[PDB]
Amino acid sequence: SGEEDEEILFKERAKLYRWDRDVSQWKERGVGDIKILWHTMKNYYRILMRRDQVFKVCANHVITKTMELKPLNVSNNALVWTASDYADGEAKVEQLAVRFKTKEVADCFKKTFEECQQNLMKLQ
């Protein structure tokens, strides 16, 4: 509902993890559709993801030109990046990992994500 002014560039099922910098492991953060959104008039891009049943936000942040989306080492399903994220009600720098059903979807997510970033530079 709070996405009225944004076109959906990507929307697929995913599992999202956050790096716990103590127990040194990935802790599950949510399961549901993850989106890449584009605010038409204000010209910015955003990641947004709500959990399946409860509909709590598990990721929400603007895409920046310095973010680096790489694979989780040799994986074909999982991608990894650092974002200053708002899910907990304030901006916190988190290390995120998102894993898709197929290799194909993951590739598409990467490609779209990178497309958005390029547009960021085309206007700088």
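One-based numbering along the sequence shown.
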Compare the mean C-alpha B-factor of 16-24 with that of 104-112 as given in the PDB entry, and name the stretch with the higher value.
16-24
Out of 68-76 and 83-91, which one has CA B-factors that are higher on average in the deposited record?
68-76
Which has the highest CA B-factor per the PDB entry: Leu37, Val62, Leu96, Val54?
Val54
Could you place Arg29 in the lowest, middle or highest third of its chain by Cα temperature factor, using the values in the record?
highest
Relative C-alpha B-factor of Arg46, binned into the chain's lowest, middle or highest third:
lowest
